[PDB]
Structure formats: structure tokens, C-alpha cells
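S.K.: What follows is a single structure, and I will ask about it in a moment.
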Number of protein chains: 2
Amino acid sequence: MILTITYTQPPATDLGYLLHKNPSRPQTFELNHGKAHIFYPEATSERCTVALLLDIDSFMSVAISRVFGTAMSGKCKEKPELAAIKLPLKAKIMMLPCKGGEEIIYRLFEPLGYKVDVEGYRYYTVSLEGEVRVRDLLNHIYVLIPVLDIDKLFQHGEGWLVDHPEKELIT
Amino acid sequence: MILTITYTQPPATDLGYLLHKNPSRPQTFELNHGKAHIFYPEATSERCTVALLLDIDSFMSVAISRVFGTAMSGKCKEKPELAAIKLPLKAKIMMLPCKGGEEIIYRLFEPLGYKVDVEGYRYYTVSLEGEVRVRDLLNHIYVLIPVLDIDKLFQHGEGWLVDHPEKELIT
């Protein structure tokens with residue numbers, strides 16, 4: 001499956017510092033039973049988009065924490081203010097299998113303040129757009145993706161999970 | 001290495017028909033000694049971007065002709081006019097190794113009417129933007145990429161190669 005994240009606040013290339021991954025340097029990570037590729041299809045002052053493509057042979061969550069580890073912690077040494085604030089962000093998850101249909105997807109992400117779009121073909125493409133922190137976009141995806149198929153949930157459920165109408169399903 | 005192509009003439013999703021690859025369906029191709037992944041990080045009415053990511057273990061040219069075969073022929077059944085005309089296009093080639101430095105890159109692409117940008121790190125990222133046909137963007141990349149590291153050159157050198165200041169280097 002694939003994850004993209006798009007940010008357009010000029011210098012949109014700041015997403016590079018926030019994710020702690022240089023736009024000019026595509027990279028591959030060897031995982032348990034598969035590869036993760038990361039690159040930025042777009043890295044200008046107007047638009048910046050990161051992609052993380054999973055090649056296999058929960059895995060995304062693993063890939064997300066392996067690749068976007070420091071961003072998850074909430075830290076950005078070079079732009080401490082952008083890490084700290086809600087940014088206008090778009091994210092896309094392509095080829096997400098989900099037994100519970102699209103209704104459970106809306107049910108997990110809408111409560112978090114995301115405008116949510118679901119496209120089916122059974123795999124899904126989910127589009128999210130909101131004003132959230134980097135670390136919270138990543139945390140949500142990291143926690144909810146597996147649910148759609150306790151320390152983790154403790155560390156990454158932080159400051160959103162308590163007020164979640166589906167918090168018990170998630171738990 | 002990676003190739004992206006971006007098109008923004010609204011219905012920018014027309015790039016999907018031109019490339020004959022559905023934006024909603026990421027796909028993997030098994031090759032001689034590697035994989036090619038294709039997907040569209042962006043597929044809206046305002047912007048459409050295709051990516052082709054090579055995972056190995058000339059290969060790009062192979063991948064390009066395998067994946068974008070029909071677009072190379074110049075045909076688009078659903079938008080015959082867009083295939084026929086010069087479109088405003090941007091393309092990116094990331095992680096291109098090139099012994100001859102950036103000077104040979106400018107030398108191969110600028111004559112074709114591309115605004116060309118080269119970034120080094122030895123691998124290169126080359127950015128191209130011009131008003132060319134789909135089939136000609138693809139042909140140029142398919143022919144010049146190997147040069148930067150006769151039937152082919154005959155079929156794909158068509159209607160650009162004769163007037164090329166470096167046509168003999170290419171040949």
C-alpha cells in the first residue's frame with residue numbers, strides 16, 4: 001500500500017525538515033519481509049509531497065514508525081514552531097484493504113476533524129485533509145490503519161483517543 | 001531511479017487516459033531482475049502526477065516501454081486531440097547516474113525545447129518542463145537516459161533526432 005503526505009505552506013519544503021527526510025534523496029528501507037521506498041514526488045516552495053510505498057514479500061505502521069520516527073515524537077530541530085502547531089495537511093492512503101467497508105473508515109477519521117474521502121475498487125483509497133500537527137497525522141494513521149484490517153496505543157493514542165466515539169473498538 | 005510526470009490542464013486527470021494507466025489503481029510490474037511500481041501521487045482536476053519507481057535486484061527505458069507502451073505509440077482513444085497536440089508538461093528523473101556530469105544533460109535536453117534543471121548529490125535529479133507531446137516526452141527520456149549512462153533509436157528518434165546538435169553522440 002502507499003502513503004502520501006502533502007503540504008503547501010510556502011516554504012512547502014519545510015515538510016522535509018518536519019519529516020526529517022531530505023526531499024533530494026530517495027531511500028529504501030529493508031524490513032521484515034518487504035521493502036519501504038520513500039521519496040518526494042514534489043519538493044518546491046509551493047508544494048511538497050512525500051510518498052512511502054510498501055512492497056511486501058500493520059506493515060505500514062511498522063514502516064511509518066521506522067521511517068518517520070522522529071517526526072512522530074513531535075520534534076523538529078530546525079522548525080520547532082511548525083512541529084508545535086496545527087498545519088494544513090493532506091494525506092492519502094492507497095490500497096487499504098478494509099473488511100468493515102467504508103463506513104468504519106469515516107467512523108475512525110471524521111471524529112478527528114478530517115474531511116474524509118473514500119474510494120473503493122476490495123481495497124480502498126482514503127483521503128484526509130485537516131489542520132492537525134505532523135505528529136498527530138502520523139499517529140492517527142499508525143493507530144487506525146491496523147484497526148481497519150497496548151504500549152503502541154498508549155504512546156500513540158495520546159490526546160485524541162479518550163474523546164473518540166470509537167475508542168473502545170480501537171482499544 | 002524514479003520518473004514522475006505532472007500535468008495540470010483541467011481535467012488534469014486526462015493524463016490518466018494519455019498514459020493508459022488508471023490513477024486509482026497502483027500497479028507493480030515484474031521485470032528482468034527487478035520491479036517497477038507505478039502510481040499517481042496526485043489525480044485531481046487541478047493536478048495529475050504519475051510516478052514510476054524502479055527497484056533493481058537502460059532498465060528505466062525498459063520499464064518505460066513496458067509500462068507506457070501505448071502512450072509511446074502516440075495513441076489515445078478517449079482523448080485523440082490531447083495525444084496529437086503539444087501539452088504543457090513537467091517530468092522528473094531522480095537518481096540518474098551520469099559520468100559526463102551535468103553539462104551533457106543540458107546538452108541532450110535543452111535543444112529539445114525543455115527548460116532544464118539539474119541537481120547533483122554521483123547521482124542526478126533532472127527536471128524538464130516544456131510544451132511537447134506525451135509521446136515525445138516519453139521518447140526523449142527513453143532514448144537519452146541510456147546515453148547519459150538501432151531499431152529503438154529508429155522508432156523513438158523520430159522527428160527530433162535529425163536536428164539534434166548531439167545526434168551523433170546519441171547514435
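Just remember, in the C-alpha cells the first chain shown is A, the second B, etc., residues are 1-based per chain, and ligands are 1-based in the order shown.
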With only C-alpha atoms as the counted atoms, please give the residues lying no more than 9 Å from range 112-129 of chain A, apart from itself and same-chain residues fewer than 5 positions off, as number ranges by chain.
M.R.: A: 88-99, 101-102, 105-106, 140, 160, 164; B: 24-25
S.K.: Apply DSSP to the backbone of this structure and, from range 88-126 of chain B, keep only the residues in alpha helix (DSSP H); write these as a PyMOL selection string.
M.R.: chain B and resi 101-109
S.K.: Could you give me, as a ChimeraX atom specification, the residues within 7 Å of residue 37 in chain B, counting only C-alpha atoms and dropping anything in the same chain fewer than 4 positions from it?
M.R.: /B:27-29,52-54
S.K.: Give me, as a ChimeraX atom specification, the residues of range 10-171 of chain A that a backbone DSSP run labels strand (DSSP E).
M.R.: /A:27-31,34-43,48-56,87-97,115-120,123-132
S.K.: So the first atom is CA of residue 111 in chain A and the second is CA of residue 38 in chain A; what is the distance between them in Å, to one decimal place?
M.R.: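 Between these atoms lies a distance of 28.9 Å.
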S.K.: Taking into account only C-alpha atoms, which residue in the set A:4, A:73, A:32, A:65 is nearest to chain B?
M.R.: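 Closest residue, counting only C-alpha atoms: A:4.
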S.K.: Please compute the CA of residue 159 in chain A-CA of residue 79 in chain A distance, one decimal, in Å.
M.R.: 22.2 Å
S.K.: Report, in Å to a single decimal, how far apart CA of residue 10 in chain A and CA of residue 49 in chain A are.
M.R.: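 So the two atoms, CA of residue 49 in chain A and CA of residue 10 in chain A, lie 12.9 Å apart.
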S.K.: Counting only C-alpha atoms, what is within 12 Å of residue 19 in chain A, bar same-chain residues fewer than 3 positions away, as a ChimeraX atom specification?
M.R.: /A:5-7,13-16,22-23,38-40,48-52,64-79,82-83,133-135,137-138
S.K.: Any chance you can output those residues with C-alpha atoms as a PDB file, in the first residue's frame?
M.R.:
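What landed in part_14.pdb:
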```pdb
ATOM      1  CA  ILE A   5       1.550  13.490   2.634  1.00  0.00           C
ATOM      2  CA  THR A   6       1.116  16.922   1.009  1.00  0.00           C
ATOM      3  CA  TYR A   7       1.866  20.380   2.463  1.00  0.00           C
ATOM      4  CA  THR A  13       9.810  22.194   1.519  1.00  0.00           C
ATOM      5  CA  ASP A  14       9.612  22.613   5.304  1.00  0.00           C
ATOM      6  CA  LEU A  15       7.781  19.271   5.258  1.00  0.00           C
ATOM      7  CA  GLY A  16      11.234  17.867   4.601  1.00  0.00           C
ATOM      8  CA  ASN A  22      15.638  15.053   2.640  1.00  0.00           C
ATOM      9  CA  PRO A  23      13.442  15.553  -0.474  1.00  0.00           C
ATOM     10  CA  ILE A  38      10.325   6.860   0.375  1.00  0.00           C
ATOM     11  CA  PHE A  39      10.667   9.814  -1.929  1.00  0.00           C
ATOM     12  CA  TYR A  40       9.184  13.187  -2.626  1.00  0.00           C
ATOM     13  CA  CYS A  48       5.693  19.349  -1.081  1.00  0.00           C
ATOM     14  CA  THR A  49       4.584  15.744  -1.186  1.00  0.00           C
ATOM     15  CA  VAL A  50       6.209  12.737   0.396  1.00  0.00           C
ATOM     16  CA  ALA A  51       5.389   9.175  -0.661  1.00  0.00           C
ATOM     17  CA  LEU A  52       6.020   5.952   1.162  1.00  0.00           C
ATOM     18  CA  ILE A  64       5.730   4.565   9.362  1.00  0.00           C
ATOM     19  CA  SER A  65       7.454   4.252  12.728  1.00  0.00           C
ATOM     20  CA  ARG A  66      10.710   3.052  11.086  1.00  0.00           C
ATOM     21  CA  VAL A  67      10.759   5.908   8.533  1.00  0.00           C
ATOM     22  CA  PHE A  68       9.022   8.797  10.290  1.00  0.00           C
ATOM     23  CA  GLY A  69      10.230   8.010  13.808  1.00  0.00           C
ATOM     24  CA  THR A  70      11.496  11.400  14.921  1.00  0.00           C
ATOM     25  CA  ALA A  71       8.509  13.264  13.377  1.00  0.00           C
ATOM     26  CA  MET A  72       6.268  11.053  15.422  1.00  0.00           C
ATOM     27  CA  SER A  73       8.000  12.197  18.618  1.00  0.00           C
ATOM     28  CA  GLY A  74       6.859  15.708  17.808  1.00  0.00           C
ATOM     29  CA  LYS A  75      10.309  17.189  17.410  1.00  0.00           C
ATOM     30  CA  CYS A  76      11.757  19.304  14.646  1.00  0.00           C
ATOM     31  CA  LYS A  77      15.078  20.937  15.467  1.00  0.00           C
ATOM     32  CA  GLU A  78      15.075  23.320  12.502  1.00  0.00           C
ATOM     33  CA  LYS A  79      11.433  24.424  12.653  1.00  0.00           C
ATOM     34  CA  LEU A  82       5.854  24.091  12.799  1.00  0.00           C
ATOM     35  CA  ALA A  83       6.205  20.874  14.734  1.00  0.00           C
ATOM     36  CA  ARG A 133       0.093  18.533  13.772  1.00  0.00           C
ATOM     37  CA  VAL A 134       2.504  16.346  11.772  1.00  0.00           C
ATOM     38  CA  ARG A 135       2.917  14.041  14.763  1.00  0.00           C
ATOM     39  CA  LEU A 137      -1.418  12.902  11.379  1.00  0.00           C
ATOM     40  CA  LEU A 138       1.221  10.179  11.642  1.00  0.00           C
TER      41      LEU A 138
END
```
S.K.: Compile the contact shell of residue 33 in chain A as a ChimeraX atom specification: residues with an atom at most 12 Å away, counting only C-alpha atoms, same-chain residues fewer than 5 positions apart removed.
M.R.: /A:54-57,59,62-63
S.K.: Write out as a PyMOL selection string the residues lying within 12 Å of residue 154 in chain B, counting only C-alpha atoms and excluding same-chain residues fewer than 6 positions away.
M.R.: chain B and resi 139+143+160-162+170-171
